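Peer 1: Submitted below is the structure of interest, expressed as structure tokens.
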Amino acid sequence: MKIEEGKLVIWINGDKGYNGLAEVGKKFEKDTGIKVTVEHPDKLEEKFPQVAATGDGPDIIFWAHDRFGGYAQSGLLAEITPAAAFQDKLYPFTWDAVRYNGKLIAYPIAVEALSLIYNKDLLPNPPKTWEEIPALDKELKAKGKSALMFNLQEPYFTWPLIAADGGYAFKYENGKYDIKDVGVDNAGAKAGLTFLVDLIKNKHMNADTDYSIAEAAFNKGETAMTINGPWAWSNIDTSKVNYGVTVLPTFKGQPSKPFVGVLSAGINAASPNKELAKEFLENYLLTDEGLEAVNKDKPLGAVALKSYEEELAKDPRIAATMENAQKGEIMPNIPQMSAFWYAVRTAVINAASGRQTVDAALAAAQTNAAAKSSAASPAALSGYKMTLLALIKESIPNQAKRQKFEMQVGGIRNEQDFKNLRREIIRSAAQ
Ligand SMILES: OC[C@H]1O[C@H](O[C@H]2[C@H](O)[C@@H](O)[C@@H](O)O[C@@H]2CO)[C@H](O)[C@@H](O)[C@@H]1O
């Protein structure tokens, strides 16, 4: 289905404040007459690239920033054009998360970091260390409860522990990521995953626990602690559990190092509604009133808009969010992040199951994370890229098409990639 002109379709994850976003959409419609439809499809981070590659999909995509370099390199994202005066309204550290190869590729919305969330009735003082959690579990088990439940199906939640004593995604030096140097199989990563697997082997956690199961257990007062982000606070408030949000536990005397996400909004390169999307994002969503509507539905975290974050940062739950963020890393946004996350997802699930050792799981993850296709020689690759750039500038009269094709040129790695992109450019017809 072609993207409808004179309408905005927005995709956002189902754990986010989509109903509040729809309220901002209602205001946009009141003022402009343009309908805004918000959807939250399953497997969004996969659905978007698959559908947008066909030239279709939502006008606006929301996800954490880590996936956006890959979307941009695939030609799925428009270059955004915020004026300096608009840029000044948002924190510089959030703009840096949505810059790729020298250009802005999305609008930053809010900073997400995992925290330890604990039930103050069950546990007045939260543990400072991971190592003390088995003993805590033993006492809570005696009471028919447990110490800790969190999602073991998404490696986002386990990463802070894997990273604590030295695990890393890609080596980051001189401001550049070396995609051949993956750190998921070093001593630190092994130690962190081993600790997780031991918690499971010793019946302090269950490998099958997912988002829904952990949330229900915490929100029904069955488990003393969970690990989650700001979006989860709404449902805890509803449950009336008396909870705190705090610094993650240390492991081997090192802070846990969560990978920090910036919820970001990109504009589909194929959208015929780029100006409407800019108007909605800049002048409806990224305002005190817009962010309040979304935040009241599900908390966004530490919002990128200075004027509204001034108020939200009073909250100790936001202070704890940023305490954790400061101990972790803003995620890379490079295209290889998808392969990294696949590799670690697989390793955590397989090791947690008890059917594969940690060392075997992480050895495979190291190989899986760095996997890439054949490379042309550097000389040949530069010649292909320069050919395509000149071809695009000569032959593609539509600006958005030129801009997306030039981003695609950045991702070619070999002669086959060159030939395929050449075919895409030559086949292009009147817009
Ligand atoms: O588990 C890997 C997954 O981690 C991150 O996804 C987070 C997302 O950032 C949060 O906004 C929240 O929704 O939970 C997700 C984990 O289920 C990465 O952003 C994502 O790319 C990656 O696959």
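Ordering of the structure tokens sets the chain letters (A, B, ...), residue numbers begin anew at 1 in every chain, and ligands are numbered from 1 in the order given.
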Dump the neighbourhood of ligand 1 as a list in words: all residues within 6 Å, distances computed on only C-alpha atoms and all ligand atoms.

Peer 2: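 So, counting only C-alpha atoms and all ligand atoms, the residues near ligand 1 are residues 15, 64, 66, 67, 154, 155, 156, 261 and 341 of chain A.
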
Peer 1: Would you please extract all helix (DSSP H, G or I) residues from segment 278-426 of chain A, as assigned by DSSP on the backbone, and give them as a PyMOL selection string?

Peer 2: chain A and resi 278-285+288-297+306-312+316-327+337-352+358-370+378-395+399-411+415-426

Peer 1: Counting only C-alpha atoms, what is within 10 Å of residue 51 of chain A, bar same-chain residues fewer than 6 positions away, as JSON, numbers by chain?

Peer 2: {"A": [1, 57, 58, 76]}

Peer 1: Which of these, A:197, A:361, A:350, A:385, has the shortest distance to residue 407 of chain A once you count only C-alpha atoms?

Peer 2: A:385

Peer 1: Calculated over only C-alpha atoms, which of the candidates A:291, A:339, A:135, A:98 has the smallest distance to residue 79 of chain A?

Peer 2: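 Closest candidate: A:98.
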
Peer 1: I'd like the neighbourhood of residue 81 of chain A as JSON, numbers by chain, where a residue qualifies if any of its atoms comes within 12 Å (using only C-alpha atoms), though same-chain residues fewer than 4 positions away should be ignored.

Peer 2: {"A": [85, 86, 87, 103, 104, 105, 106, 107, 266, 267, 274, 275, 277, 278, 279, 281, 282]}

Peer 1: From a DSSP pass on the backbone, collect the residues of segment 213-286 of chain A flagged as strand (DSSP E or B) and hand them back as a PyMOL selection string.

Peer 2: chain A and resi 223-228+243-246+250-251+254+259-268

Peer 1: Would you write out those residues with N, CA, C and O atoms, as a tab-separated table (two decimals), in the first residue's frame?

Peer 2:
chain	number	residue	atom	x	y	z
A	223	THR	N	7.59	-10.75	43.74
A	223	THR	CA	9.05	-10.66	43.69
A	223	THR	C	9.43	-9.26	44.18
A	223	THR	O	8.70	-8.31	43.92
A	224	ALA	N	10.55	-9.17	44.90
A	224	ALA	CA	10.99	-7.94	45.56
A	224	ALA	C	11.59	-6.93	44.60
A	224	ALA	O	11.67	-5.74	44.95
A	225	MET	N	12.10	-7.39	43.45
A	225	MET	CA	12.85	-6.49	42.57
A	225	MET	C	12.60	-6.85	41.11
A	225	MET	O	12.30	-8.02	40.78
A	226	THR	N	12.76	-5.84	40.25
A	226	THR	CA	12.79	-6.04	38.83
A	226	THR	C	13.78	-5.07	38.23
A	226	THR	O	14.32	-4.21	38.94
A	227	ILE	N	14.07	-5.24	36.93
A	227	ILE	CA	14.95	-4.33	36.21
A	227	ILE	C	14.15	-3.87	35.01
A	227	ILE	O	13.65	-4.69	34.23
A	228	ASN	N	13.96	-2.56	34.89
A	228	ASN	CA	13.13	-2.06	33.80
A	228	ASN	C	13.42	-0.59	33.57
A	228	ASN	O	14.18	0.03	34.33
A	243	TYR	N	7.14	1.31	45.64
A	243	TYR	CA	8.41	0.97	45.01
A	243	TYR	C	9.40	2.13	45.01
A	243	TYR	O	9.02	3.30	45.07
A	244	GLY	N	10.68	1.76	44.92
A	244	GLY	CA	11.75	2.70	44.65
A	244	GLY	C	12.47	2.36	43.35
A	244	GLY	O	12.38	1.24	42.86
A	245	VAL	N	13.17	3.35	42.80
A	245	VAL	CA	13.97	3.21	41.58
A	245	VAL	C	15.38	3.64	41.96
A	245	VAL	O	15.57	4.74	42.51
A	246	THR	N	16.36	2.76	41.72
A	246	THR	CA	17.70	3.01	42.27
A	246	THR	C	18.79	2.58	41.29
A	246	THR	O	18.54	1.95	40.25
A	250	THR	N	26.24	-3.47	41.71
A	250	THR	CA	27.57	-3.69	41.17
A	250	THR	C	27.81	-5.19	40.97
A	250	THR	O	27.18	-6.04	41.61
A	251	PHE	N	28.77	-5.52	40.12
A	251	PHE	CA	29.22	-6.89	39.93
A	251	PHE	C	30.75	-6.90	39.93
A	251	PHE	O	31.36	-6.12	39.21
A	254	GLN	N	32.26	-3.56	40.30
A	254	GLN	CA	32.20	-2.63	39.19
A	254	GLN	C	30.75	-2.22	38.98
A	254	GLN	O	29.86	-3.06	38.97
A	259	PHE	N	23.34	-0.22	28.49
A	259	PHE	CA	23.33	0.47	27.21
A	259	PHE	C	22.15	1.42	27.22
A	259	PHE	O	21.00	0.99	27.40
A	260	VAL	N	22.45	2.71	27.04
A	260	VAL	CA	21.47	3.78	27.14
A	260	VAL	C	20.89	4.08	25.75
A	260	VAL	O	21.61	4.27	24.78
A	261	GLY	N	19.57	4.08	25.69
A	261	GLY	CA	18.85	4.41	24.45
A	261	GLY	C	18.28	5.82	24.45
A	261	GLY	O	17.87	6.33	25.49
A	262	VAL	N	18.29	6.45	23.28
A	262	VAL	CA	17.54	7.68	23.10
A	262	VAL	C	16.36	7.31	22.20
A	262	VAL	O	16.54	6.97	21.02
A	263	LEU	N	15.15	7.32	22.78
A	263	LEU	CA	13.96	7.15	21.93
A	263	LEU	C	14.01	8.26	20.88
A	263	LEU	O	14.16	9.44	21.23
A	264	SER	N	13.90	7.87	19.60
A	264	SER	CA	14.13	8.77	18.48
A	264	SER	C	13.03	8.63	17.44
A	264	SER	O	12.43	7.56	17.32
A	265	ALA	N	12.78	9.71	16.69
A	265	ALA	CA	11.73	9.71	15.66
A	265	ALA	C	12.37	10.01	14.32
A	265	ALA	O	12.90	11.10	14.11
A	266	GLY	N	12.31	9.03	13.40
A	266	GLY	CA	12.80	9.25	12.05
A	266	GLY	C	11.64	9.45	11.09
A	266	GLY	O	10.50	9.07	11.38
A	267	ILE	N	11.94	10.10	9.96
A	267	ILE	CA	10.97	10.33	8.90
A	267	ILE	C	11.32	9.41	7.75
A	267	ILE	O	12.46	9.38	7.28
A	268	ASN	N	10.34	8.62	7.31
A	268	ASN	CA	10.53	7.67	6.22
A	268	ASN	C	10.98	8.42	4.96
A	268	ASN	O	10.34	9.37	4.55

Peer 1: Using only C-alpha atoms, which residues sit within 10 Å of residue 398 of chain A once same-chain residues fewer than 6 positions away are excluded, as a list in words?

Peer 2: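 Final neighbour list, sorted by chain and number: residues 392, 429, 430 and 431 of chain A.
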
Peer 1: Atoms to include: N, CA and C atoms. Write the selected residues as a PDB file, in the first residue's frame.

Peer 2:
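Final file, out-v1.pdb:
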ATOM      1  N   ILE A 392      23.943   9.572  -9.173  1.00  0.00           N
ATOM      2  CA  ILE A 392      22.769  10.057  -8.441  1.00  0.00           C
ATOM      3  C   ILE A 392      22.610  11.555  -8.685  1.00  0.00           C
ATOM      4  N   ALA A 429      12.155   5.997 -11.588  1.00  0.00           N
ATOM      5  CA  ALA A 429      11.357   6.721 -12.571  1.00  0.00           C
ATOM      6  C   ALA A 429      10.835   8.016 -11.952  1.00  0.00           C
ATOM      7  N   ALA A 430       9.969   8.698 -12.707  1.00  0.00           N
ATOM      8  CA  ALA A 430       9.455  10.009 -12.339  1.00  0.00           C
ATOM      9  C   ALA A 430       8.638   9.884 -11.053  1.00  0.00           C
ATOM     10  N   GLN A 431       8.926  10.784 -10.107  1.00  0.00           N
ATOM     11  CA  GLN A 431       8.385  10.748  -8.754  1.00  0.00           C
ATOM     12  C   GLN A 431       6.903  11.162  -8.744  1.00  0.00           C
TER      13      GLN A 431
END
